[PDB]
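Okay, here's what each chain looks like letter by letter:
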Amino acid sequence: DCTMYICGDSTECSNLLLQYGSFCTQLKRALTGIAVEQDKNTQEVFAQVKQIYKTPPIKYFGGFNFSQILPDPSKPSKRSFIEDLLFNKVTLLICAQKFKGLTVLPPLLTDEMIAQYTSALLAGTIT
Amino acid sequence: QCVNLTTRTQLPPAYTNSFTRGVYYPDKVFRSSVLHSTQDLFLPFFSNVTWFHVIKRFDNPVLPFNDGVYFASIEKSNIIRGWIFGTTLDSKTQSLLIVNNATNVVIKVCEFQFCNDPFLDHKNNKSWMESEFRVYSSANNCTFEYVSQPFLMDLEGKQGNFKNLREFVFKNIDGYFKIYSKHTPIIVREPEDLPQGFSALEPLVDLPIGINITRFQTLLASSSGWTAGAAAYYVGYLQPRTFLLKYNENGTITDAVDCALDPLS
Amino acid sequence: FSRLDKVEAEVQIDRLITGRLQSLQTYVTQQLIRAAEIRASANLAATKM
Amino acid sequence: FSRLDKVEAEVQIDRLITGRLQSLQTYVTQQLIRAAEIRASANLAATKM
Amino acid sequence: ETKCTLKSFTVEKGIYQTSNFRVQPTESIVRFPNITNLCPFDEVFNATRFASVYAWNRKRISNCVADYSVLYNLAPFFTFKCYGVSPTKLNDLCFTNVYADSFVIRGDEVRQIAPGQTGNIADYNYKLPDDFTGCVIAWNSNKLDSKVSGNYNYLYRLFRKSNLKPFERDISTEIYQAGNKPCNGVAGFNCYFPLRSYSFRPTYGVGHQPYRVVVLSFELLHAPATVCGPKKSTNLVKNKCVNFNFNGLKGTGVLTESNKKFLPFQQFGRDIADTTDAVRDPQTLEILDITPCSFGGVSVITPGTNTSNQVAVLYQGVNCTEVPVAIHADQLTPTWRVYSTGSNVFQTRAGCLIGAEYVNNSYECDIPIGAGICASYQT
Amino acid sequence: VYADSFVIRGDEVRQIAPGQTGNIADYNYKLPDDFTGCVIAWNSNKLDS
Ligand SMILES: *[C@@H]1O[C@H](CO)[C@@H](O[C@@H]2O[C@H](CO)[C@@H](O)[C@H](O)[C@H]2NC(C)=O)[C@H](O)[C@H]1NC(C)=O
Ligand SMILES: *[C@@H]1O[C@H](CO)[C@@H](O[C@@H]2O[C@H](CO)[C@@H](O)[C@H](O)[C@H]2NC(C)=O)[C@H](O)[C@H]1NC(C)=O
Ligand SMILES: *[C@@H]1O[C@H](CO)[C@@H](O)[C@H](O)[C@H]1NC(C)=O
Ligand SMILES: *[C@@H]1O[C@H](CO)[C@@H](O)[C@H](O)[C@H]1NC(C)=O
Ligand SMILES: *[C@@H]1O[C@H](CO)[C@@H](O)[C@H](O)[C@H]1NC(C)=O
């Protein structure tokens, strides 16, 4: 935020700050560029495919056992086992306690759709 | 009215190492399960604390006061009572008298004209009475007076199997006097030395006095013929340093570490 | 404003404003640098995929 | 200059020149970042060619 | 708004950001502990009898609360002045000492107590400093002190060889010497006693009857303050943005119930960010939690400028049961209340979006909203 | 160390300081732009007048 961080809920300071110019304007412009580029990064990395494939129910791949990487419907999410270990092994109120006008926008893509891309990639590369 | 006996051999003051004692809450705030660093006056870890042992044995000389003091007493019969703080101790300027003998914890700021030896200990012939309480000899202009309930103690003097540890720290700043207190029973082993453990000090009261002080001398409660029970008390000094403290989830200080002791620290 | 006068406290408020603005500029600068590094890593990851 | 003495107005003009210099510094830093990104893109294009 | 921000008369189809959103405080509250340990002026004002002027009773008052409100509103008063400061604001003036000079004197010589004026009482009994900052109260007292039988037990010095300095009491009344002729022993020639005994009965002249006068003196900020008037506190409000002040705890937010445990001496609360978030009410003994006022950014979703003119408004990170407060006149930061109330409000992770209906078929993304939500303009 | 001594009007010391100008500061004496030193002035009407 432009003014909330510097001298928020102040009147005369707000009046005396606006005479510096367009500083927080270019601040917000730079941050918006950062955010849109952040979304573009995942868009570039994961969206190499177009059709969302799906593996057949039969899982006899010539003796190879892919049960570790393929999704398992037991969990509510369509996540594999290694994915579960990865999500458990990483830990950060911290997403909220920052309250001086410092918002944290959510990513455009959620984890479920990213997992669905990953599943499509796996199915395509194995079938 | 004061009578002197003296005739005591002056043993050198003993020396001990303050293990970890001398940590107190710096302000009235609440922090949960967080580590916080600060700078303030403190008693440094592992410093030379001066030990007095008093039993026929009579030791209570004048001591220098600077940056506050950390006083401790390991004892059971509670024979030491009061405190006299001042800058001259000759009724030229007001002084602090703190007395908690039997009736009420009483704090008086006044230009009392004192004696040489402030005594209330000797009392014929097998007990203790607060006779000869004329440790002061005049009451000129007593600006401030404060009265409250007495602390936790026992009745009458005795000796053997010390079981009480009473610690206090006195600090005067910006005219305000701060007294922090802590009490702990059931001391098992007594090598006439401070125990090994952790215990944070606690706030007790604030006094808005605002006078000049430079030295202090303790008080313990006719004046010929006696052999009192054993006792042991300790004095330590302070200086500015910086510490780190670890509050727990319940909001009480649990551990503290120094910053200018070792490379590890 | 409670203590100081209403015409010269502006010096102190200007000091604080300049300090905070400089801090914000520093923060966004390191944000740009880290974003560039992450972009390089993301391009490498895309090539790997 | 046209309305005040030198001894006090020189402080104000020093403030102004410092602010302008800092703004120029910010512009040049942004230019450096953009140039680095463009250099990376140019190297990629050279490899493509 | 977006036309003004983009600095153009046309805006291209997409999402844009505008000024932010904030909520103003509804009201104000203050809180201070119980008013106790009143200054014992009641006994002095209700005392049976005050001594003479050369025996001026000087009393010390400190470390208490002086209820100047009940001072101003006592029935039997006849005079109540403060020549150093305004008598009205004594409720908010904290001095480190109080000296009370109490007496009963003839009503015709009261004005001599004001400094800079002569008088027997003010020259040989008791004067006051020229820089005196204090107050004087004079009321009728002949109704209880004066009797028809004869009340001569009041005294006042009439003669002396010097004027005493301020804050000086004298008891000696040696046989006054005036000329060069020596005097001693008992009454004789040119041996006049310094004092004279009063006579206070309700049958003397009107205005000569005795009046009870008390003078209040005080110091000004060279030692810790001791006494001053009560600080009034309003009631308490919950679950609404207010402007609290709990013993100098200026701030703004919403006050809710707390479910943590403090310590008997602990009073405040703070976090890793080192800001106040939890308090203990002074008058009562429970814990209250402080939550900052709700606020967030504002974004507009628009199609191309020429294609249409309808828009949608997105409030970033706001629980949408609170935007009804934003659905108000002169309470929300934006002024365009026309879209404050609009179409079917839809709730997402980033807030609730006003001006669109959430269909649930599938299409590509045109305007990225976030958290798996994309918006477009269609049929 | 150089010392300058004179007698002026009590209502004219305001123009002695550098920066500002005046008749006494244009026709009789004037300080440089960045003078370093001290000025001591007092009344002398008990003797001079
Ligand atoms: C592929 O490997 C998985 C384990 O990684 C096998 O699942 C195990 O199956 C046995 C008996 O069916 C169970 O006792 C184990 O508890 C299972 N492991 C886990 C982790 O659940 C699976 O049977 C293998 N499939 C093939 C075709 O080899
Ligand atoms: C402050 O004073 C008030 C009023 O004297 C006290 O109010 C008490 O409130 C409880 C809860 O409703 C009642 O049960 C008591 O009867 C009240 N006491 C009265 C009316 O005298 C309040 O307890 C006081 N608080 C402190 C900390 O002293
Ligand atoms: C007006 O906007 C439409 C799209 O909404 C576009 O096709 C057209 O070219 C625009 N007209 C102009 C820019 O003159
Ligand atoms: C907003 O808050 C209310 C009450 O706290 C809750 O019932 C509602 O579900 C919240 N809205 C959300 C989480 O979108
Ligand atoms: C789509 O929305 C309609 C209307 O709310 C509802 O009846 C239907 O069940 C929804 N379909 C799905 C798949 O959620």
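- For this coordinate set, the PDB header names cryo-EM as the determination method and states a resolution of 3.5 Å.

- The PDB entry lists chain F under the name Spike glycoprotein, with Severe acute respiratory syndrome coronavirus 2 as the source organism.
- The title line of the PDB record says "Neutral Omicron Spike Trimer in complex with ACE2".

- As recorded in the PDB entry, chain B goes by Spike glycoprotein and comes from Severe acute respiratory syndrome coronavirus 2.

1. Comments concerning the overall build of chain B
Consideration 1: Summing up its helical and strand segments, chain B has zero helices and 16 strands in all.
Consideration 2: At 19 Å, chain B has a C-alpha radius of gyration in line with the 18 Å of a compact globule built from 265 residues.
Consideration 3: Overall, chain B is about 55 × 45 × 35 Å in size when its C-alpha atoms are taken along their principal axes.
Consideration 4: Here chain B holds 265 residues, and 46% of them are scored as buried.
Consideration 5: Of the roughly 13300 Å² of accessible surface on chain B, 56% is carried by carbon and sulfur atoms.
Consideration 6: Separation of charge centres in chain B, based on 23 positive and 25 negative side chains, amounts to 5 Å.

2. Quick look at the side chain of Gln 217 of chain B
Residues and elements named next belong to chain B.
Consideration 1: Mapped onto the elements of the fold, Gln 217 is located in strand β13 (residues 215-220).
Consideration 2: Separated by 2.7 Å, the side chain of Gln 217 and the backbone oxygen of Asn 60 make a polar contact.
Consideration 3: Residue contacts for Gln 217: discarding those within four places in its chain leaves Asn 60, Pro 61, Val 62, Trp 83, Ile 84 and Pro 118.

3. Here we look at the state of the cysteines
Residue and element names in this part refer to chain E.
Consideration 1: This model, assessed by the stated rule, comprises ten disulfides over all chains.
Consideration 2: Each disulfide pairs two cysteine sulfurs, and for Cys 82 the partner residue is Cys 135, the sulfurs being separated by 2.0 Å. What sets the handedness of the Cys 82 and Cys 135 disulfide is the S-S torsion sign, and at about 110° it is right-handed. Here the residue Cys 82 occupies a position in strand β5 (residues 77-82), and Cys 135 occupies one in strand β7 (residues 134-140), the gap between them amounting to 53 residues.
Consideration 3: What makes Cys 82 buried here is its relative accessible area of 12%.
Consideration 4: For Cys 135, a relative accessible area of 11% corresponds to the buried category.

4. Some words on the packing of aromatic side chains
Consideration 1: Applying the stated criterion across every chain yields a total of 40 aromatic pairs over all chains.
Consideration 2: Ring centres of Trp 83 of chain B and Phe 170 of chain B lie 5.6 Å apart, and the angle between their planes is 85°; this geometry places the pair in the edge-to-face category. Highlighted residues: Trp 83 of chain B in strand β6 (residues 80-86) and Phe 170 of chain B in strand β10 (residues 164-173), separated in sequence by 87 residues.
Consideration 3: The buried category is assigned to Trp 83 of chain B, whose relative accessible area is 8%.
Consideration 4: Note on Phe 170 of chain B: relative accessible area 4%, which makes it buried.
Consideration 5: When the centroid spacing of 5.2 Å and the interplanar angle of 25° are considered together, the rings of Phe 45 of chain E and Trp 139 of chain E count as stacked. With a gap of 94 residues between them, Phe 45 of chain E in helix α2 (residues 41-45) and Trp 139 of chain E in strand β7 connect regions that are remote in the sequence.
Consideration 6: Looking at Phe 45 of chain E, the relative accessible area reads 14%, which means it is buried.
Consideration 7: Aromatic rings pair up to connect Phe 52, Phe 65, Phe 71, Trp 83, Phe 85, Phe 168, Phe 170, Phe 177, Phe 216 and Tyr 233 of chain B into one cluster.

5. Focus: the sheet that holds strand β3 (residues 48-53) of chain B
Residues and elements named next belong to chain B.
Consideration 1: Spatially, the seven strands line up as an open sheet ordered β1-β3-β14-β5-β10-β11-β12, and their pairing is antiparallel. Edge strands, defined here as strands with exactly one partner in the open sheet, are β1 (14-17) and β12 (202-208). Averaged over neighbouring strand pairs, the angle between their axes works out to 25° when direction is ignored.
Consideration 2: Inspection of the sheet shows strand β5 (residues 69-75) paired to β10 by seven bridges, in the antiparallel sense.

6. Remarks on the interface of chain C and chain A
Consideration 1: Counting from both sides, the interface comprises 21 residues of chain C and, opposite them, 18 residues of chain A.
Consideration 2: Inspection of the chain C/chain A interface yields two salt bridges.
Consideration 3: We note a salt bridge from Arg 39 of chain C to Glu 37 of chain A, for which the minimum N-O separation is 2.8 Å.
Consideration 4: Taken together, the residues that form the side of chain C that touches chain A break down as twelve nonpolar, five polar and four charged.

7. Structural notes on helix α6 (residues 111-126) of chain A
Residue and element names in this part refer to chain A.
Consideration 1: Relative to the 22 Å expected for 16 residues at 1.5 Å per residue, α6 spans 23 Å between its end C-alpha atoms, a close match to the ideal helical length.
Consideration 2: Residues of α6 that are buried: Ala 115, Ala 120 and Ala 123. The arc that holds every buried residue of α6, seen down its axis, measures 145°, which confines them to one face. Facing away from the buried side of α6 by over 90 degrees, the exposed positions are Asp 111 and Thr 125.

8. Regarding the interface of chain E and chain A
Consideration 1: Contact with chain E, which involves twelve residues of that partner, is made by twelve residues of chain A.
Consideration 2: Of the roughly 1000 Å² buried where chain E meets chain A, counting both sides, 65% is carbon and sulfur surface.
Consideration 3: Area buried by chain E at its contact with chain A is led by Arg 22, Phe 295 and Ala 371 of chain E, which between them contribute 37% of it.
Consideration 4: Inspection of the region where chain E meets chain A yields zero salt bridges.
Consideration 5: Applying the counting rule to chain E against chain A returns three residue pairs in polar contact.
Consideration 6: Elements represented by at least two residues in the side of chain E that touches chain A include exactly β1 (14-21) and β20 (367-370) of chain E.
Consideration 7: Grouping the constituent residues of the side of chain E that touches chain A by class yields six nonpolar, five polar and one charged.

9. Some remarks on the site of ligand 4
Consideration 1: Neighbouring ligand 4 are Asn 319, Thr 321 and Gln 347 of chain E.
Consideration 2: Taken by itself ligand 4 offers 360 Å² of open surface, and the protein chains cover 28% of this.

10. Considerations on the sheet that holds strand β14 (residues 278-280) of chain E
All names here are of chain E.
Consideration 1: Ordered in space as β13-β15-β14, the three strands form an open sheet in which the pairing is antiparallel. The sheet is open, and its two borders are formed by β13 (254-257) and β14, each paired with just one other strand. Each neighbouring strand pair of the sheet contributes to a mean axis angle of 35°, computed without reference to strand direction.
Consideration 2: The sheet contact formed by β13 and strand β15 (residues 287-291) spans four bridges and is antiparallel.

11. So, the environment of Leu 31 of chain F
Residues and elements named next belong to chain F.
Consideration 1: On the secondary structure map, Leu 31 appears in the segment after α1 (24-27).
Consideration 2: The buried category is assigned to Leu 31, whose relative accessible area is 17%.
Consideration 3: Separated by 16 residues in the primary sequence, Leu 31 and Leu 47 place their C-alpha atoms 28 Å from one another.

12. Re the UniProt feature "disulfide bond" in chain B
Residues and elements named next belong to chain B.
Consideration 1: Per UniProt, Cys 2 and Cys 115 form a disulfide, and the coordinates bear that out, putting the sulfurs 2.0 Å apart.
Consideration 2: Here the bond UniProt gives for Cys 110 and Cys 142 holds up, since the two sulfurs are only 2.0 Å apart. Here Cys 110 is found in strand β8 (residues 105-110), whereas its partner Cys 142 is found in the loop between β8 and β9 (144-148), with 32 residues between them in sequence.
Consideration 3: On the basis of relative accessible area, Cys 110 is assigned to the buried category, the value being 1%.

13. A short note on helix α1 (residues 9-48) of chain C
Consideration 1: Taking 1.5 Å per residue as the helical rise, α1 of chain C with its 40 residues ought to reach 58 Å, and the 59 Å between its terminal C-alpha atoms agrees with that figure.
Consideration 2: For α1 of chain C, the set of buried residues is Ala 9, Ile 13, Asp 14, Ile 17, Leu 21, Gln 25, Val 28, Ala 35 and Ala 42 of chain C.
Consideration 3: Buried residues belonging to α1 of chain C abut α1 (3-7), α2 (12-17) and α3 (23-46) of chain A.

14. Let's talk about the side chain of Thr 16 of chain B
Residues and elements named next belong to chain B.
Consideration 1: With respect to the helices and strands, the residue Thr 16 is situated in strand β1.
Consideration 2: A polar contact of 3.0 Å, which involves the side chain of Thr 16, links it to the side chain of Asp 193.
Consideration 3: Discounting residues that sit within four places of it in the chain, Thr 16 has contacts with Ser 47, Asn 48, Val 49, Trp 51, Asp 193 and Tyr 234.

The rules we used
- Residues numbered from 1 in each chain as written, not as in the entry; some residues may be left out.
- Chains lettered and ligands numbered in written order.
- Part of a larger assembly, values for the part shown.
- Heavy atoms only, no water.
- Helix = DSSP H or I, 4+ residues; strand = E, 2+ residues; numbered from the N terminus.
- Rg over C-alpha atoms; globule rule 2.2 N^0.38 Å.
- Buried < 20%, exposed > 50% of the residue type's maximum accessible area, 1.4 Å probe, protein only.
- Areas by Shrake-Rupley, 256 points an atom, 1.4 Å probe, with all protein chains shown as cover.
- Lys, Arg positive; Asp, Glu negative; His and termini not counted.
- Charge placed at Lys NZ, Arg CZ, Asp CG, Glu CD.
- Polar contact = N/O pair within 3.5 Å; in protein donor to acceptor, adjacent residues only side chain to side chain.
- Contact = heavy atoms within 4.5 Å.
- Disulfide = S-S within 2.5 Å.
- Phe/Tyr/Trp six-rings, centres within 6.5 Å; stacked < 30°, edge-to-face > 60°.
- Pairing = 2+ DSSP bridges.
- Axes fitted to C-alpha atoms, helices over the stretch in contact; angles between N-to-C directions.
- Salt bridge = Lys/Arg side-chain N within 4 Å of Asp/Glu carboxyl O.
- Nonpolar A, V, L, I, M, F, W, Y, C, P; charged D, E, K, R; others polar.
- Expected span 1.5 Å × (residues − 1).
- Arc of directions from axis to C-beta.
- Buried area = accessible area lost by both parts, 1.4 Å probe.
- Near = heavy atom within 4 Å.
- UniProt positions renumbered as here; feature names shortened; annotations may be inferred.

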